[PDB]
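The block underneath contains the structure these notes are about, expressed in C-alpha cells.
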Amino acid sequence: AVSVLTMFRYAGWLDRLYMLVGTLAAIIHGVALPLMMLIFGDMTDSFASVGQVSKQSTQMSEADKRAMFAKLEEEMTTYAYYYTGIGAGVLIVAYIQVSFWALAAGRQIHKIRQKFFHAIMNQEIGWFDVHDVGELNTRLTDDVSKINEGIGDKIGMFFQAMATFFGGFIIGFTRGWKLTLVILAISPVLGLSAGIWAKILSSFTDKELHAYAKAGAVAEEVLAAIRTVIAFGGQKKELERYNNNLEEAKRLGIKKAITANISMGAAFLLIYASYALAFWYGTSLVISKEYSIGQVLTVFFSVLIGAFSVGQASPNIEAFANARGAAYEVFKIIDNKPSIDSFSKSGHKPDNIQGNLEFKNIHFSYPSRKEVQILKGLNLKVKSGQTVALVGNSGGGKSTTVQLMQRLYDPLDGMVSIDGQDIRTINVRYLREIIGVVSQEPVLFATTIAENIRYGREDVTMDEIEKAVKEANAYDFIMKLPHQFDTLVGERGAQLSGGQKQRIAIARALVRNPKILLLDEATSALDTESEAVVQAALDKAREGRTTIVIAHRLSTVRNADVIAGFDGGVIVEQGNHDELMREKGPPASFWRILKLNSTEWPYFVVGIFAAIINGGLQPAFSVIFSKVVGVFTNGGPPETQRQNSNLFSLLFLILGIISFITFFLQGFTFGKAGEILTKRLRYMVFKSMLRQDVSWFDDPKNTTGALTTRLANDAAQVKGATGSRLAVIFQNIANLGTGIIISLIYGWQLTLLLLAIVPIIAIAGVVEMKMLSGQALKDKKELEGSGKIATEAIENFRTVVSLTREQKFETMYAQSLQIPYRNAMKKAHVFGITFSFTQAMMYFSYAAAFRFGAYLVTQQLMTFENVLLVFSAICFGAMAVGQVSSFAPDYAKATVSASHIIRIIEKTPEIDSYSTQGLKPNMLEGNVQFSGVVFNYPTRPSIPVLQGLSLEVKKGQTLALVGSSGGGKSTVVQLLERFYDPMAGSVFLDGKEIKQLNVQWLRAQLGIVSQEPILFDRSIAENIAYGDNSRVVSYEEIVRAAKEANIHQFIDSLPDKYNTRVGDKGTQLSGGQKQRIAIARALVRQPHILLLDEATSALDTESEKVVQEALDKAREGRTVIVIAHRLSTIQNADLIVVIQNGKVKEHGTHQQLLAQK
Ligand SMILES: C[C@@H]1NC(=O)c2csc(n2)[C@H](CSSc2ccc([N+](=O)[O-])cc2[N+](=O)[O-])NC(=O)c2csc(n2)[C@H](C)NC(=O)c2csc1n2
Ligand SMILES: *SC[C@@H]1NC(=O)c2csc(n2)[C@H](C)NC(=O)c2csc(n2)[C@H](C)NC(=O)c2csc1n2
C-alpha cells in the first residue's frame, strides 16, 4: 500500500538540479560538526601543552613565558579565524540546502495538485458513484500537505543527520581507536533499556486505556438516556458506581506514572554513568601516555553527537512513509484511463444531423448495484420533430434512458445512435455540446448570472447571450430581484428560490442551442404555483428542437404528441395512452488558582524542593567536567594524577544515582498528585453534569459523543497542567540561577559575553517559531481559496460534467493555487534563511566567545578550566531549557482550553433541582391543573408551542391527551416532572405551586415512562430495583411487582432473575417487552400518578395487546394519564376525555367528527 522512488517522476530537470544541490549542501552541513569537534580537541591539547606551567624556572625567567603566550595567542587567532570560516560556510550551505529543498518541494506540490485535480475531474462518473464526495476532497486537502511536509523538510534533514553520523564515526575511526569500542559497546545497552522502558510504558498505557474505557462507558450509558435518569431521580445512588469505576483507573494511572518517571530516571542513570565510563577509560589511557585530553574529547564528543543525529531521523522516516502511501493513492487516481475522455481531439464530426435516436438491445445496470439489471434490452426508433414523453414509476429506475444519451455511463451490448452514428465514434465533447440536459434539481453556484449564462457555450457577446435569455419568464426573475445584472445568486448573497433556478438552467440549455433536448422532473415536488409558466418555456423550447421528457406529473403528457413510456423495463408502444391507468392523485486560566484546586500541599510541597535539587545537577556536571579537563591541563603530572581523576569519576556516578533517586521521588509525588486530581476533577464533573439538568443536555452545542470525549481526553490535559508546567519551570529556573551564580563566582567578564550571546539566539529561535506558526496558520486561509471552488465542483460534478464548462474550473483552480504557490515559495525562503541564521549565529557566537575567553586567559586571570566551566554551564543550561520543555505532556499543545472549559462547567450553577430548599407534602391527592400554561423550547426558541392549554386532573382521571405530531403535545407530559420550567403559565398541585414542591420528592410520585424504553446495563433484578433506588432498597417486592406486571410467564426462562443481565445486548429481550420492564419499574415505584408515552414503536402486535392490558390494570389500580398518538390506544381508554390543544373538552369524537381521523 506504498510506493517509493516514484514520488518525483513529475519533476523537471531544474528540479532535479535543485534536489541534487540540496543533497550536496546537506552532506556538507552534516560533515561540518566532526571537523569542529576535532578542532576543539587539538585546540584544548594546545592549551594543555601551553597552560601546564609545570616548571617554576620558566615561570620566573623572562617574565613568565611572555613568548609561549605569544605562540598561544597566534594559535588562538588562527583557530578563531578557521572557526569563523567554517561558520560562514555552514551558514551558506544550510541556507542552500533548506531553500532549494523546500522550493523543489513546492514546485512538486504545485504540479501534483494540478495533475490530481485534472485527473479526478476527468474520471468517469461511475468512479464517483462507487465513492463519496466529502472524503475525496478531504483526501485532496490532506495528502498534498503531508507529501509537502515530508518530501520537503524531512528528506532535507535526513541526509544532514546521516552525514553527521558518518562524519563523527569517521573521526572516531581516526582518533578514537579504542574510545570507539567502549562508547559503541555501551551504546546498545543504554538504548535497549530505555526501549524495554518504552515497551513497559506502552503496556501500562494500554492497561490504563482499557480500565478507563470500562468506566467511561458506564458514563456514556448514564448520559445517553439522561432524561430517564433524572426522571427516576437516581443521581445519589448512581454517582457511587461512577466513582468505583473511576477508582479502578486512578490507581492504574499512579502505576503508569511511576513507570514513566522511573524510566526517565533510568535513562538519566544510564547516561550520566557510561558517560562516566568514557572518562574512566580515557583518563587511564591519558595516564598511559599514548592519548591526550583533546584526543579523548574529540572522539567522545564526536561519536556521541553523531549518534544523537542518526537517532533523530526516525520521525523523518515516519513522515516519508506517510508521504509514500499518500502518493501511492493519489497516483492511483492519476493515469486511471476512463472509458470516456472528453478531451482527446478524436472522433468524426457530425453536422446537419436530424437526431433520430435509436435503442437496440439496451442492457445496462448501475455500477453501484450491478446485481440488479436496470435495463434488460429495448427496441425503439424515433424521428426528429416528434418529442417523446416517458411515463412510469421512474425514468427506468432513475432517468436511466437520459443517462446514456450524453455518455454519462457506458452501455452494455446496447447501441444508441443519434443520427445512425454510434456514440463511441462520436467525439465526447461534441456529443455533449449538441445535446441539452435539464436537471431534476437545478444546482448552481454562488456567482452572478452573467457567468451562469456564459457557462452554456463560447460566448460571442454579452448582449447576444442576453438576447438568447430574452425568452419568456425573463426580466422578472432575472432583473427585478437581481438588479438586472451582476447578482451572485446562491447560498452566499441574495438567496433565491428554485422557481428561478430552474428557469435560468433552462436559459443556459437554450444558450446551448442543442439539436436534441432532455427534460427531467421540471417541477418535482415544487410549488404548484411556480409551474404553469416554466412549462411554457419547456414548450417553446420544444417548438425549436425535439426533446425527450420524463416527469412524474401527467400534465405535460397530454401536451406531448408522442407518449412512449412504461415501467418495469417492459417496452410499451406509443399507439395509445388511455390503456395506462390515470392516477387520481473561552478565556485563559489563572495558573495560580487552578493549581490552588490541588489542596494537596503535603503531596505537592515535596516536588518544588525536589524540582530545584533536580535542576541543580547540570551545573554540578559542568563543574566536574571542567575539573576533569583541568586535571590534565592545569595538572600535577609529576606528583599525582590518578587520585583526582578517580575521585571525579566516583563523583560522576554518585551524582548520577542521586539524580536517579531525585527523579524517583519527583515522579512518586507528581504522578500521584496528577492522578488524584484527575479522579477528583472527574467525580466533580460528573455531579456537575447531574445538576446541569436536561436544559443544557438538550442544547445541540453539546452532544453525547462530544461529552464522552470531554470526560475522556481533558483530564490528561489538567494532569500535565498541574506538574509539568511547574516542575519544568522550577527545574529550568533553578538550573539557570545556580549556573549563573557559579559562573559569577568563577567569572567576572566572560559571563557578560555569555549573557549577551544567549538572548540573541533565544529571540532568533522564538521569531523563527512564531513566523513558521503564522505561515502555517495563514496556509489554511490561502488554501481555502482552492476549496471555495473545489467543494462546489466535487459536489455538483453531475451537472458540471453534464455541462461543457470543464477547462475553466481547472484554470480558476490553477490561479487560486498559483497565488499560494508564490506564498509558499516566499515562506520556504524565509524558513531557510532563518534556519541558516540561527545555525550561523550559534557557530559565530561559539567562535567569538572562545576567542575572547582566550584573550582573557592570555591576560592570565581566568584559566581554561574556569572558561570551559562557564561556557559549558551556560550553553548546556540553555540547551536543557528547550529539551526539558519538550519532555512535558503537550502544555504547548491546546491544554488550557480543556482546563478552563472544565472550570466553567464545574462552576456551572444548577438552573433547577438537586437542592434542599424544597417543600415536601407527605401525601398528594393528585389534583393537577394544566390550565393556562404557556412555554416553549429554550434550546430552540424559534418554534413556539404550548399555547392556551387548559386541563383538569383528579383521582381516577384517564386523560388521553392526543394531538398531531409531537412538538405540541410531548412537552405537555414532559412538564409534569419539571424538566423545563413554566414562566408564562402557572401550574397548581394540591393547592400548591410546583416550583418549590421538593423536586426529588416530586419525581418520586411520578410514574413516567419514556416513549422508547431505553435501558442501561444494570442487572435485571437490580434494574427493576432501580425504580425506587435512592429510596429504601428492599428485597421480596421485586418479584411481587413482576408478578403484578403480568410478565413473569415469559421472563421465568432462566428463573434466577438475578444474574441474567443484558451483557451488551446479550440475552436480548423482546423489543416490545422492554417497555413491559419499564411498566414493571413504574409499578414498583408505587406512584400516585403515572405518565405513559410508549405508543407503539415496533411491531408489538400481540405484545402490544398485553401492554395495554398492563396499562388498564395500572389505571384501574391508580390514577394514570396516558399519552399516545394511536387511535387504538384512545379507543381502549374507557374514560374518553381526549383534548388536543384545548379547542374541545371531554369526548370530542361523540360531539364532532374532528377527533375521529
Ligand atoms: C542527563 C542529561 N541528559 C539529558 O537531559 C538528555 C536527554 S536526551 C539527550 N540528553 C541526548 C540524547 S542521548 S546521547 C548518548 C551518547 C552516548 C551514550 N553512551 O552509551 O556512551 C548514550 C547516549 N544516550 O543517552 O542515548 N543527548 C545528546 O544529544 C548528546 C550528545 S553529546 C552530549 N549529549 C553531551 C556530551 N552530554 C550531555 O549533554 C549531558 C550530560 S548529562 C545530560 N546530558
Ligand atoms: S552558547 C549558544 C548555544 N546554546 C543553545 O542552547 C542552542 C541553540 S540551538 C541548540 N542549542 C540545539 C538544540 N543544540 C543541539 O542539538 C546540540 C546537542 S549537543 C550540541 N548541540 C553541541 C555539543 N553544543 C552546541 O552545539 C552549542 C554550543 S553553544 C550553543 N549550542
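The chains in the C-alpha cells are called A, B, ... from first to last as shown; in each chain the residues are counted from 1, and the ligands are counted from 1 in the order shown.
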
Open item on the list: 8 Å from ligand 2 is the threshold here; counting only C-alpha atoms and all ligand atoms, which polymer residues fall inside it? Answer as a PyMOL selection string.
Closed with: chain A and resi 301+305+308+754+757-758+761-762+765+838-839+842-843+845-846+871-872+874-883

TODO: Enumerate residues in contact with ligand 1: an atom-to-atom distance of at most 6 Å, counting only C-alpha atoms and all ligand atoms. Format the result as a PyMOL selection string.
DONE: chain A and resi 183+186-187+190-191+268+271-272+274-275+301+304-305+308

Can you write out the residues you just picked, keeping C-alpha atoms, as a PDB file, in the first residue's frame?
```pdb
ATOM      1  CA  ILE A 183      31.437   4.197  23.565  1.00  0.00           C
ATOM      2  CA  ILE A 186      27.952   0.921  25.990  1.00  0.00           C
ATOM      3  CA  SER A 187      25.543   2.335  23.366  1.00  0.00           C
ATOM      4  CA  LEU A 190      21.553   2.057  27.203  1.00  0.00           C
ATOM      5  CA  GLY A 191      19.269   2.345  24.190  1.00  0.00           C
ATOM      6  CA  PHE A 268      19.453   9.572  33.120  1.00  0.00           C
ATOM      7  CA  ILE A 271      23.661   8.435  30.514  1.00  0.00           C
ATOM      8  CA  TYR A 272      25.500  10.103  33.427  1.00  0.00           C
ATOM      9  CA  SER A 274      28.962   5.318  30.962  1.00  0.00           C
ATOM     10  CA  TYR A 275      29.374   8.963  30.052  1.00  0.00           C
ATOM     11  CA  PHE A 301      32.101  14.352  21.865  1.00  0.00           C
ATOM     12  CA  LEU A 304      28.009  10.779  20.718  1.00  0.00           C
ATOM     13  CA  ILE A 305      26.982  13.867  18.741  1.00  0.00           C
ATOM     14  CA  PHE A 308      22.079  11.593  18.502  1.00  0.00           C
TER      15      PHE A 308
END
```

Open item on the list: Quick check for you: according to DSSP on this backbone, which residues of segment 632-748 of chain A are classed as helix (DSSP H, G or I)? Reply as JSON, numbers by chain.
Closed with: {"A": [632, 633, 642, 643, 644, 645, 646, 647, 648, 649, 650, 651, 652, 653, 654, 655, 656, 657, 658, 659, 660, 661, 662, 663, 664, 665, 666, 667, 668, 669, 670, 671, 672, 673, 674, 675, 676, 677, 678, 679, 680, 681, 682, 683, 684, 685, 686, 687, 688, 689, 690, 691, 692, 693, 694, 695, 696, 697, 704, 705, 706, 707, 708, 709, 710, 711, 712, 715, 716, 717, 718, 719, 720, 721, 722, 723, 724, 725, 726, 727, 728, 729, 730, 731, 732, 733, 734, 735, 736, 737, 738, 739, 740, 741, 742, 743, 744, 745]}

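Atom CA of residue 469 of chain A is found 23.1 Å from atom CA of residue 431 of chain A.
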
Open item on the list: Which residues are close to residue 1038 of chain A, i.e. within 7 Å by only C-alpha atoms, leaving aside same-chain residues fewer than 5 positions away? Reply as a PyMOL selection string.
Closed with: chain A and resi 1024-1025+1084

- [ ] Can you work out which one of A:929, A:348, A:547, A:695 has the shortest atom-to-atom distance to residue 991 of chain A, counting only C-alpha atoms?
- [x] A:929

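Nearest residue to residue 78 of chain A among A:91, A:716, A:1079, A:43 is A:43, counting only C-alpha atoms.
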
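For the pair atom CA of residue 913 of chain A and atom CA of residue 229 of chain A, the interatomic distance is 13.2 Å.
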
Open item on the list: With DSSP run on the backbone, what are the strand (DSSP E or B) residues within segment 423-623 of chain A? I'd like them as a PyMOL selection string.
Closed with: chain A and resi 426+435-437+447+489+516-520+546-550+562-563

For residue 836 of chain A, list every protein, DNA or RNA residue within 10 Å, evaluated using only C-alpha atoms, and leave out those in the same chain fewer than 4 positions away; present the list as an mmCIF file with N, CA and C atoms, in the first residue's frame.
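part.cif written:
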```cif
data_model
loop_
_atom_site.group_PDB
_atom_site.id
_atom_site.type_symbol
_atom_site.label_atom_id
_atom_site.label_comp_id
_atom_site.auth_asym_id
_atom_site.auth_seq_id
_atom_site.Cartn_x
_atom_site.Cartn_y
_atom_site.Cartn_z
ATOM 1 N N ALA A 88 30.748 30.620 8.551
ATOM 2 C CA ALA A 88 30.187 31.214 7.340
ATOM 3 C C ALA A 88 29.849 30.141 6.313
ATOM 4 N N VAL A 90 28.967 27.041 6.937
ATOM 5 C CA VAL A 90 27.752 26.372 7.393
ATOM 6 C C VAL A 90 26.533 27.239 7.122
ATOM 7 N N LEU A 91 26.635 28.542 7.399
ATOM 8 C CA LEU A 91 25.580 29.475 7.010
ATOM 9 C C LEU A 91 25.164 29.244 5.565
ATOM 10 N N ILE A 92 26.128 29.357 4.650
ATOM 11 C CA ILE A 92 25.816 29.308 3.226
ATOM 12 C C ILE A 92 25.219 27.957 2.851
ATOM 13 N N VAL A 93 25.843 26.865 3.299
ATOM 14 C CA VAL A 93 25.408 25.546 2.853
ATOM 15 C C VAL A 93 24.040 25.202 3.430
ATOM 16 N N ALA A 94 23.776 25.576 4.686
ATOM 17 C CA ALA A 94 22.468 25.303 5.269
ATOM 18 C C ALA A 94 21.380 26.109 4.575
ATOM 19 N N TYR A 95 21.662 27.378 4.263
ATOM 20 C CA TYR A 95 20.694 28.178 3.525
ATOM 21 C C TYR A 95 20.389 27.540 2.176
ATOM 22 N N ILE A 96 21.439 27.138 1.453
ATOM 23 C CA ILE A 96 21.262 26.470 0.162
ATOM 24 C C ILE A 96 20.398 25.228 0.324
ATOM 25 N N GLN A 97 20.757 24.378 1.286
ATOM 26 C CA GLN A 97 20.062 23.109 1.456
ATOM 27 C C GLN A 97 18.580 23.326 1.725
ATOM 28 N N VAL A 98 18.257 24.100 2.764
ATOM 29 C CA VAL A 98 16.856 24.249 3.150
ATOM 30 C C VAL A 98 16.070 24.934 2.040
ATOM 31 N N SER A 99 16.612 26.027 1.491
ATOM 32 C CA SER A 99 15.864 26.783 0.494
ATOM 33 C C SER A 99 15.599 25.952 -0.751
ATOM 34 N N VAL A 830 11.971 32.200 3.590
ATOM 35 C CA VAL A 830 12.061 32.715 4.957
ATOM 36 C C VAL A 830 12.505 31.615 5.916
ATOM 37 N N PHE A 831 11.921 30.423 5.782
ATOM 38 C CA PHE A 831 12.295 29.317 6.658
ATOM 39 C C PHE A 831 13.767 28.962 6.492
ATOM 40 N N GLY A 832 14.237 28.889 5.246
ATOM 41 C CA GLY A 832 15.636 28.572 5.016
ATOM 42 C C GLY A 832 16.568 29.622 5.586
ATOM 43 N N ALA A 840 24.136 29.850 11.998
ATOM 44 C CA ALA A 840 25.303 30.698 11.812
ATOM 45 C C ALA A 840 25.604 31.513 13.058
ATOM 46 N N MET A 841 24.574 32.071 13.702
ATOM 47 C CA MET A 841 24.820 32.790 14.946
ATOM 48 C C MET A 841 25.332 31.856 16.029
ATOM 49 N N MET A 842 24.827 30.621 16.082
ATOM 50 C CA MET A 842 25.373 29.662 17.039
ATOM 51 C C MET A 842 26.874 29.484 16.841
#
```

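Relative to atom CA of residue 552 of chain A, atom CA of residue 356 of chain A is found at 24.8 Å.
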
Could you list, as a PDB file with N, CA and C atoms, in the first residue's frame, every residue within 10 Å of residue 442 of chain A, counting only C-alpha atoms and ignoring same-chain residues fewer than 5 positions away?
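Listed below is the output, selection33.pdb:
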```pdb
ATOM      1  N   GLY A 498     -36.147  27.994  -6.085  1.00  0.00           N
ATOM      2  CA  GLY A 498     -35.943  27.112  -7.220  1.00  0.00           C
ATOM      3  C   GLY A 498     -36.734  27.491  -8.453  1.00  0.00           C
ATOM      4  N   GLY A 499     -37.812  28.263  -8.289  1.00  0.00           N
ATOM      5  CA  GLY A 499     -38.601  28.678  -9.436  1.00  0.00           C
ATOM      6  C   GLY A 499     -37.817  29.515 -10.427  1.00  0.00           C
ATOM      7  N   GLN A 500     -36.787  30.213  -9.953  1.00  0.00           N
ATOM      8  CA  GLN A 500     -35.908  30.972 -10.832  1.00  0.00           C
ATOM      9  C   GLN A 500     -34.658  30.191 -11.214  1.00  0.00           C
ATOM     10  N   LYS A 501     -34.193  29.298 -10.336  1.00  0.00           N
ATOM     11  CA  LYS A 501     -33.048  28.456 -10.669  1.00  0.00           C
ATOM     12  C   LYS A 501     -33.365  27.538 -11.843  1.00  0.00           C
ATOM     13  N   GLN A 502     -34.562  26.948 -11.851  1.00  0.00           N
ATOM     14  CA  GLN A 502     -34.954  26.105 -12.975  1.00  0.00           C
ATOM     15  C   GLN A 502     -35.016  26.910 -14.269  1.00  0.00           C
ATOM     16  N   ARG A 503     -35.531  28.140 -14.201  1.00  0.00           N
ATOM     17  CA  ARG A 503     -35.638  28.952 -15.408  1.00  0.00           C
ATOM     18  C   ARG A 503     -34.266  29.359 -15.928  1.00  0.00           C
ATOM     19  N   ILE A 504     -33.335  29.701 -15.034  1.00  0.00           N
ATOM     20  CA  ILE A 504     -32.007  30.079 -15.513  1.00  0.00           C
ATOM     21  C   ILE A 504     -31.262  28.861 -16.053  1.00  0.00           C
ATOM     22  N   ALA A 505     -31.489  27.679 -15.472  1.00  0.00           N
ATOM     23  CA  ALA A 505     -30.908  26.467 -16.045  1.00  0.00           C
ATOM     24  C   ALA A 505     -31.453  26.206 -17.444  1.00  0.00           C
ATOM     25  N   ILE A 506     -32.761  26.393 -17.634  1.00  0.00           N
ATOM     26  CA  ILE A 506     -33.347  26.218 -18.961  1.00  0.00           C
ATOM     27  C   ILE A 506     -32.809  27.270 -19.922  1.00  0.00           C
ATOM     28  N   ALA A 522     -39.167  18.576 -14.186  1.00  0.00           N
ATOM     29  CA  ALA A 522     -39.087  20.032 -14.247  1.00  0.00           C
ATOM     30  C   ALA A 522     -39.497  20.673 -12.926  1.00  0.00           C
ATOM     31  N   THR A 799     -23.821  17.844 -12.658  1.00  0.00           N
ATOM     32  CA  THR A 799     -24.170  18.947 -13.545  1.00  0.00           C
ATOM     33  C   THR A 799     -22.939  19.483 -14.267  1.00  0.00           C
TER      34      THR A 799
END
```

TODO: Can you pull out every residue within 12 Å of residue 1150 of chain A, counting only C-alpha atoms, but drop anything in the same chain fewer than 5 positions away, and send it as a PyMOL selection string?
DONE: chain A and resi 1136-1138+1144-1145+1155-1156

Output C-alpha atoms for every residue in that selection, as a PDB file, in the first residue's frame.
```pdb
ATOM      1  CA  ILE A1136     -62.699   9.310  26.777  1.00  0.00           C
ATOM      2  CA  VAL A1137     -61.601  12.878  27.558  1.00  0.00           C
ATOM      3  CA  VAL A1138     -59.235  13.389  24.609  1.00  0.00           C
ATOM      4  CA  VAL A1144     -62.523  20.811  22.818  1.00  0.00           C
ATOM      5  CA  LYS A1145     -63.396  19.158  26.132  1.00  0.00           C
ATOM      6  CA  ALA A1155     -61.212  13.795  16.671  1.00  0.00           C
ATOM      7  CA  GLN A1156     -62.121  10.576  14.740  1.00  0.00           C
TER       8      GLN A1156
END
```

Task: Residues within 10 Å of residue 923 of chain A, only C-alpha atoms, excluding chain neighbours under 3 positions, as an MDAnalysis selection string - done: chainID A and resid 920 926 990 1005 1088

Restricted to C-alpha atoms, what would the selected residues look like written as a PDB file, in the first residue's frame?
```
ATOM      1  CA  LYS A 920     -42.360  18.006  50.519  1.00  0.00           C
ATOM      2  CA  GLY A 926     -53.307  14.272  42.530  1.00  0.00           C
ATOM      3  CA  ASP A 990     -52.648  20.162  45.912  1.00  0.00           C
ATOM      4  CA  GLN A1005     -44.506  10.162  42.910  1.00  0.00           C
ATOM      5  CA  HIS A1088     -49.799   8.105  42.850  1.00  0.00           C
TER       6      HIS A1088
END
```

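Distance check against residue 819 of chain A using only C-alpha atoms: of A:786, A:1151, A:12, A:242, the minimum falls on A:786.
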
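Closest approach to residue 545 of chain A among A:610, A:794, A:814, A:388 is made by A:388 (distances from only C-alpha atoms).
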